[PDB]
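First, one chain by itself: the form deposited without the partner chain, in structure tokens.
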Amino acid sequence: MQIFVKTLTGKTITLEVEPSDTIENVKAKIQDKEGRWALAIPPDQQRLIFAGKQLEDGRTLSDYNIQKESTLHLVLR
């Protein structure tokens, strides 16, 4: 499954994920794709949003009915 994430700087990144990937697993992937600048932002200070909802690290994409080609947003927390 492919999803897109909008980063803190508005750049779009494309991720390859399984439907039961956890939000934590998705965040690790985003960290690898993103830039050095973000090297200073701790993981627990960033949150993913989808369809108005704050996504919890331990729940899965499938828990939130996130389907292929969904766009998530990485925001401050």
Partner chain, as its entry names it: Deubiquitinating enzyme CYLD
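Residues that one form lacks are left out of the comparison. Residue numbers count along the first chain shown, from 1. Rigid core (definition): largest C-alpha set, two forms, superposition within 1.5 Å.
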Check: Averaged over C-alpha atoms, is the B-factor higher for 64-72 or for 18-26 in this PDB entry?
Finding: 64-72
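What comes next is about the form solved in complex with the partner chain, which is not displayed.
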Check: Looking at the partner-bound form in the bound PDB entry, is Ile49 within 4.5 Å of the partner chain by any heavy atom?
Finding: yes
Note to self: Do any residues of 52-76 have a non-hydrogen atom within 4.5 angstroms of the partner chain in the bound PDB entry? If so, which ones, in sequence order?
What the structure shows: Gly52, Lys53, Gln54, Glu56, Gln67, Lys68, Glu69, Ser70, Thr71, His73, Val75
Next item on the list: Considering only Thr14, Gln54, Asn65, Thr9, single out the residue whose C-alpha is displaced by at least 2 Å between this form and the one not shown after superposing the rigid core.
Entry: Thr9
Notebook entry, point to check: If we fit on the core, is the Cα of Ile41 displaced 2 Å or more between this form and the one not shown?
Noted result: yes
Notebook entry, point to check: Do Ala28 and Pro42 have their C-alpha atoms closer or farther apart in the bound PDB entry than here, with the shift being 3 angstroms or more?
Noted result: closer
Notebook entry, point to check: Knowing the Cα distance between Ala28 and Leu8 changes 3 Å or more in the bound PDB entry, does it shrink or grow relative to here?
Noted result: farther
Notebook entry, point to check: Core superposition done; which regions of 3+ residues show CA shifts of at least 2 Å throughout between this form and the one not shown?
Noted result: 7-10, 41-45
